[PDB]
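Enquirer: Chains A and A', in that order, give the protein sequences. A prime marks a further copy of an entry chain.
Taking PDB author numbering, the leading residue of the first sequence gets 1, the next gets one more, and so forth.
Taking PDB author numbering, the leading residue of the second sequence gets 1, the next gets one more, and so forth.
Protein chains: 2
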Amino acid sequence: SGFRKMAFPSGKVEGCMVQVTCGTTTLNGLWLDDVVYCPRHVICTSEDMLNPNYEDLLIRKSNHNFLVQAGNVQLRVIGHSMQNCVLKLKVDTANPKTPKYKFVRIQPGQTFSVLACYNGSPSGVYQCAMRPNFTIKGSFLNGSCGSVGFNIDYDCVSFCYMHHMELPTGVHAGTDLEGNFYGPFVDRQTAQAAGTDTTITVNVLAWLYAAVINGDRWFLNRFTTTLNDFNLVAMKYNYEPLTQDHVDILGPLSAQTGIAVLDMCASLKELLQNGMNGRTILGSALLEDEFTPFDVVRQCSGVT
Amino acid sequence: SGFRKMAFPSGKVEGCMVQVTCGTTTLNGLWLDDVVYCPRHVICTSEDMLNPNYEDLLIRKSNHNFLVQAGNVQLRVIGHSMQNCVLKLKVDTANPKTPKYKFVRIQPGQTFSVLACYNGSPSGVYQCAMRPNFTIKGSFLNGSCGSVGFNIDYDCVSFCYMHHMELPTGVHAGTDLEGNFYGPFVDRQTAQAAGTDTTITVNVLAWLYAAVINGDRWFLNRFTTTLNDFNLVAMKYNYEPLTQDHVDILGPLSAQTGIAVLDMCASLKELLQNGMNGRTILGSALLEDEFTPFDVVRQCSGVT
Ligand SMILES: Cc1ccncc1NS(=O)(=O)c1cccc(Cl)c1
Ligand SMILES: Cc1ccncc1NS(=O)(=O)c1cccc(Cl)c1
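1. Quick one: list the residues of chain A' neighbouring residue 5/A, beta-carbon separation under 7 Å, in chain order.
2. Under 8 Å between C-beta atoms, does residue 8/A' make it to chain A?
3. Can you list the residues near ligand 2, meaning Cβ strictly closer than 7 Å to any non-hydrogen atom, in the order they appear in the chain?
4. Could you check whether the Cβ of residue 198/A' sits closer than 8 Å to any Cβ belonging to chain A?
5. For residue 81/A, which residues from the same chain have a beta carbon less than 6 Å from its beta carbon, with the 5 sequence-adjacent residues on both sides left out?
6. Using the beta-carbon of each residue, which ones in chain A are nearer than 7 Å to residue 203/A'?
7. In chain order, what residues of the same chain lie with their CB nearer than 6 Å to the CB of residue 187/A, ignoring the 5 residues before and after it?
8. Going straight from the alpha carbon of residue 104/A to that of residue 161/A, what length do you get?
9. Rounded to whole angstroms, how far is the Cβ of residue 38/A from the Cβ of residue 27/A, which I believe are closer than 8 Å?
10. For residue 234/A, is the classification buried or exposed, using 16 other Cβ atoms within 10 angstroms of its Cβ as the cut-off for buried?
11. Would you say residue 150/A and residue 8/A are within 8 Å of each other, going by their C-beta atoms?
12. If you draw a straight line from the alpha carbon of residue 77/A' to that of residue 14/A', how long is it in whole angstroms?
13. Which residues, in order along the region 129-142 of chain A', keep a beta-carbon less than 8 Å from a beta-carbon of chain A?
14. Is residue 14/A close to chain A', meaning its C-beta is less than 8 Å from at least one C-beta of that chain?
15. Need the endpoints of the alpha helix (DSSP H) that residue 114/A' sits in, please.
16. Rounded to whole angstroms, what's the CA-CA distance from residue 133/A to residue 282/A'? Just pull it up for me.
17. Cβ of residue 91/A within 8 Å of Cβ of residue 34/A?
18. With DSSP as the reference, identify every bridge partner of residue 103/A, one or two as the case may be.
19. Tell me whether the beta-carbon of residue 266/A lies closer than 8 Å to the beta-carbon of residue 276/A.
20. Would you kindly work out how many angstroms separate the C-alpha atoms of residue 243/A and residue 1/A, rounded to a whole number?
21. Mark residue 216/A' as exposed unless 16 or more other C-beta atoms lie within 10 angstroms of its C-beta, in which case mark it buried.
22. So which residues of chain A' does residue 69/A contact, with C-beta pairs closer than 7 Å?
23. For chain A, find out if any of its Cβ atoms is closer than 8 Å to the Cβ of residue 239/A'; answer yes or no.
24. How do the region 53-64 of chain A' and the region 142-156 of chain A' stand: do at least 3 beta-carbon pairs fall below 8 Å, yes or no?
25. For residue 99/A' versus residue 155/A', is the C-beta distance shorter than 8 Å?
26. Roughly how many whole angstroms lie between the Cα atoms of residue 260/A and residue 195/A?
27. Check the DSSP bridge columns for residue 281/A and list the partner residues they point to.
28. Give a yes or no on whether the C-beta atoms belonging to residue 171/A' and residue 135/A' are separated by under 8 Å.
29. Measuring alpha carbon to alpha carbon, tell me which of 70/A, 66/A, 25/A ends up nearest residue 49/A.
30. Answer with yes or no whether the minimum CB distance from residue 277/A' to chain A is below 8 Å.
31. Span of the beta strand (DSSP E) holding residue 258/A'?
32. Please tell me whether residue 118/A has its Cβ less than 8 Å away from any Cβ of chain A'.
33. Measuring only the C-alpha atoms, how far is residue 110/A from residue 117/A?
34. Would residue 209/A and residue 264/A qualify as a contact pair, given that the criterion is a beta-carbon distance under 8 Å?
35. Whole angstroms are fine: how far does the CA of residue 303/A sit from the CA of residue 240/A'?
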């Protein structure tokens with residue numbers, strides 16, 4: 001037992017990290033097969049980032065201007081193209097460490113691991129959630145751009161995120177691996193608003209099931225509620241409205257614990273209305289929303 | 001910016017995980033050079049674990065009784081020996097994925113990454129702290145024994161922990177890679193008490209420096225304190241007493257922020273005496289003690 005904010009083993013992704021340099025800007029790239037994916041803002045200078053015309057900036061660049069280095073070996077760039085906000089550098093050598101992979105566009109509320117990298121070198125791995133407002137609360141410094149978010153299903157790596165920028169508010173924004181931003185963000189140094197973020201209700205409930213499984217049951221009460229009643233409370237506390245789809249995915253956890261989903265909703269309702277009264281749940285003094293029902297099942301059963 | 005409970009990239013350690021089977025018991029092993037390290041309780045049955053005589057149990061075992069599998073290839077065991085609570089299985093092939101490594105015995109309050117494994121297969125990575133009482137609050141299920149804790153310095157993996165057991169209280173206990181238990185624990189299914197755990201004061205203070213660096217400064221106040229005065233408060237709240245050595249290691253963070261260590265102690269003092277009043281620090285509603293001053297500096301500078 002015990003419950004931790006666990007990230008996926010990062011090994012398959014470490015073997016794909018490279019350094020991409022263009023002019024004076026260096027960031028991270030992802031080498032899969034004979035293609036290196038990186039944020040297109042690698043072609044910008046500090047002055048360009050205020051209002052960049054990427055098509056025009058890319059026209060001044062040739063294959064030889066993109067310096068791609070994997071560890072200590074230089075890769076030969078034979079093609080370059082822009083796809084939305086990513087650059088695809090065609091290299092002459094396939095990465096021998098290319099794992100089985102997919103590019104997937106995740107949904108808000110879903111979680112993933114981030115392998116934070118600097119100069120093509122991995123520094124740490126942590127588990128994140130794509131906030132309902134399409135931002136991530138990561139840990140990213142200068143040089144971290146091009147770091148990727150992913151999930152792993154047995155031997156298949158599903159890349160879902162590529163880090164592009166930090167909003168003036170300190171939250172992070174990025175794209176899927178086809179270069180499409182999650183949210184309304186653009187790759188430009190301008191004031192950009194991330195909407196009102198809400199708490200992922202289905203994840204908090206799954207984490208409440210994880211607490212019961214692991215012994216923390218103080219929050220369990222003699223009450224029940226309805227989806228409509230619970231959602232009145234969820235609205236007041238900026239929680240995502242709970243739907244029958246969320247109840248359905250909570251099915252396995254409800255089955256394993258024997259606590260009906262709506263009864264767990266009444267425990268969450270009382271926690272929202274009365275707080276924790278100084279107590280903790282799974283070592284946390286607040287309601288945790290970065291564990292999906294899938295994460296809880298995987299962790300609670302030991303899925304490798 | 002942003003601050004996350006980051007684990008080390010696990011790739012170097014994934015390449016060392018193997019499955020070790022002896023009789024009906026299967027657990028994880030660590031293959032470094034031509035040696036496989038695993039918990040010695042792999043030789044026990046369920047009845048043996050109540051009061052095992054490991055010397056006697058090992059005498060009934062031969063090299064051919066230890067089944068070591070790396071992925072899908074079987075390793076040939078040519079030697080076996082017990083060193084404290086670990087078994088060292090000499091195999092005929094050196095692991096080609098052996099990274100540069102050290103075996104180190106960490107101090108309580110220090111942190112490390114755990115690569116939780118089942119059947120020799122990695123499932124997730126998370127950052128832990130060796131509690132002052134020599135336990136870890138991990139996430140370990142049946143089959144997780146043999147999972148290791150480690151730190152990484154550029155290309156050198158310092159293994160510090162090997163998971164052995166879960167105490168009836170739900171906390172975890174294990175050994176260094178020479179088989180010596182951290183704490184007073186023995187590898188036996190008996191009631192064992194982990195002492196009174198305390199909060200790692202130097203880590204909370206380093207995490208308070210990480211909060212200031214990242215924008216969270218509400219807790220900063222117009223007060224200062226002395227080491228002796230602060231320690232009176234630390235005693236009352238089960239915090240480890242702060243020493244000049246802890247103040248010295250906080251030096252770099254004190255220098256970078258311009259907030260004297262004793263002034264940060266007065267912020268911590270007020271937080272202990274008055275709580276958080278419903279507020280958070282780095283997204284947490286409690287005082288975090290699993291980031292050492294080294295972790296904070298590394299994360300806040302991007303050390304790969
Ligand atoms: C100064 C610079 C030069 C070139 N390329 C990037 C940067 N800066 S940055 O990465 O912090 C950045 C700022 C604003 C928006 C975005 Cl998408 C990225
Ligand atoms: C049932 C069994 C059989 C063989 N080897 C281990 C186990 N059980 S166990 O790993 O949960 C365990 C229980 C108590 C102390 C320790 Cl150190 C480990």
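The beta carbon of each residue, even a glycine, is placed where N, CA and C say it ideally should be.
Expert: Concretely, from the data shown:
1. Working through the first sequence from its first residue, we reach residue 5/A at position 5. Near residue 5/A (Cβ distances below 7 Å), the residues of chain A' are 5, 126.
2. What you label residue 8/A' is simply residue 8 of the second sequence in a count that begins at 1. True, the Cβ-Cβ gap to chain A drops below 8 Å.
3. 25/A', 39/A', 41/A', 42/A', 44/A', 45/A', 46/A', 48/A', 49/A', 142/A', 145/A', 164/A', 165/A', 166/A', 187/A', 188/A', 189/A'
4. For this step, residue 198/A' is matched to residue 198 along the second sequence. Cβ-Cβ to chain A under 8 Å: no for residue 198/A'.
5. Here residue 81/A corresponds to residue number 81 of the first sequence, with the count starting at 1. Closer than 6 Å at Cβ, skipping near neighbours: 88.
6. Working through the second sequence from its first residue, we reach residue 203/A' at position 203. By Cβ distance, chain A contributes nothing, its closest Cβ being about 15 Å from residue 203/A', past 7 Å.
7. The residue you call residue 187/A lines up with position 187 of the first sequence. Only 41, 85, 164 meet the Cβ criterion.
8. Residue numbering aside, residue 104/A sits at position 104 when the first sequence is read from its first letter. Residue numbering aside, residue 161/A sits at position 161 when the first sequence is read from its first letter. Distance between the alpha carbons of residue 104/A and residue 161/A: 8 Å.
9. As a working note, residue 38/A is residue 38 in the first sequence. As a working note, residue 27/A is residue 27 in the first sequence. Yes, they are in contact, since the Cβ atoms of residue 38/A and residue 27/A sit about 6 Å apart, within 8 Å.
10. Translated into positions along the first sequence, residue 234/A becomes position 234. Its Cβ being crowded by 16 or more others within 10 Å, residue 234/A is buried.
11. As a working mapping, residue 150/A is identified with position 150 in the first sequence. As a working mapping, residue 8/A is identified with position 8 in the first sequence. For residue 150/A and residue 8/A, yes; Cβs fall inside 8 Å.
12. Your numbering for residue 77/A' matches position 77 in the second sequence. Your numbering for residue 14/A' matches position 14 in the second sequence. Answer to the nearest angstrom: the Cα atoms are 21 Å apart.
13. 137, 138, 139, 140, 141, 142
14. The residue given as residue 14/A occupies position 14 in the first sequence. Chain A', which has a Cβ nearer than 8 Å to the Cβ of residue 14/A, makes this yes.
15. The sequence position of residue 114/A' within the second sequence is 114, counting from 1. Premise fails: residue 114/A' lies in the beta strand (DSSP E), 111-118, not in any alpha helix (DSSP H).
16. Position 133 of the first sequence, counted from the start, is the residue given in the question as residue 133/A. Position 282 of the second sequence, counted from the start, is the residue given in the question as residue 282/A'. Their Cα atoms are separated by approximately 19 Å.
17. Taking the first residue of the first sequence as 1, we reach residue 91/A at position 91. Taking the first residue of the first sequence as 1, we reach residue 34/A at position 34. Taking 8 Å as the Cβ cut-off, residue 91/A and residue 34/A qualify as a contacting pair.
18. Counted from its first residue, the first sequence places residue 103/A at position 103. DSSP output for residue 103/A lists 159/A as bridge partner(s).
19. Here residue 266/A refers to the residue found at position 266 when the first sequence is read from its first residue. Here residue 276/A refers to the residue found at position 276 when the first sequence is read from its first residue. Contact flag unset, no.
20. For this step, residue 243/A is matched to residue 243 along the first sequence. For this step, residue 1/A is matched to residue 1 along the first sequence. Cα to Cα, residue 243/A sits roughly 30 Å from residue 1/A.
21. Position 216 of the second sequence holds residue 216/A'. So residue 216/A' ends up on the buried side.
22. Within the first sequence, numbered from 1, the residue matching residue 69/A stands at position 69. Those do not exist, as residue 69/A stays about 14 Å from chain A' at its closest Cβ, beyond 7 Å.
23. Taking the first residue of the second sequence as 1, we reach residue 239/A' at position 239. Closer than 8 Å: no.
24. no
25. What you label residue 99/A' is simply residue 99 of the second sequence in a count that begins at 1. What you label residue 155/A' is simply residue 155 of the second sequence in a count that begins at 1. In contact: residue 99/A' and residue 155/A' (Cβ atoms closer than 8 Å).
26. The residue labelled residue 260/A in the question sits at position 260 within the first sequence. The residue labelled residue 195/A in the question sits at position 195 within the first sequence. Cα-Cα distance, rounded: 33 Å.
27. By one-based count along the first sequence, residue 281/A stands at place 281. The partner list for residue 281/A (beta bridge, DSSP) reads 284/A.
28. By one-based count along the second sequence, residue 171/A' stands at place 171. By one-based count along the second sequence, residue 135/A' stands at place 135. Taking 8 Å as the Cβ cut-off, residue 171/A' and residue 135/A' qualify as a contacting pair.
29. Numbered from 1 along the first sequence, position 49 holds the residue referred to as residue 49/A. Looking at the Cα atoms, 25/A is the closest of the given residues.
30. As a position in the second sequence, residue 277/A' is number 277, starting the count at 1. Not an interface residue.
31. Along the second sequence, read from residue 1 onward, the residue named residue 258/A' stands at position 258. Careful: residue 258/A' lies outside any beta strand (DSSP E) and carries neither H nor E.
32. Within the first sequence, numbered from 1, the residue matching residue 118/A stands at position 118. Interface residue, yes.
33. Locating residue 110/A in the first sequence gives position 110, counting from the first residue. Locating residue 117/A in the first sequence gives position 117, counting from the first residue. Their Cα atoms are separated by approximately 22 Å.
34. The residue given as residue 209/A occupies position 209 in the first sequence. The residue given as residue 264/A occupies position 264 in the first sequence. Yes, the Cβ-Cβ distance between residue 209/A and residue 264/A is below 8 Å.
35. Position 240 of the second sequence, counting from 1, holds the residue named residue 240/A'. Position 303 of the first sequence, counting from 1, holds the residue named residue 303/A. If you take the alpha carbons of residue 240/A' and residue 303/A, they lie about 37 Å apart.
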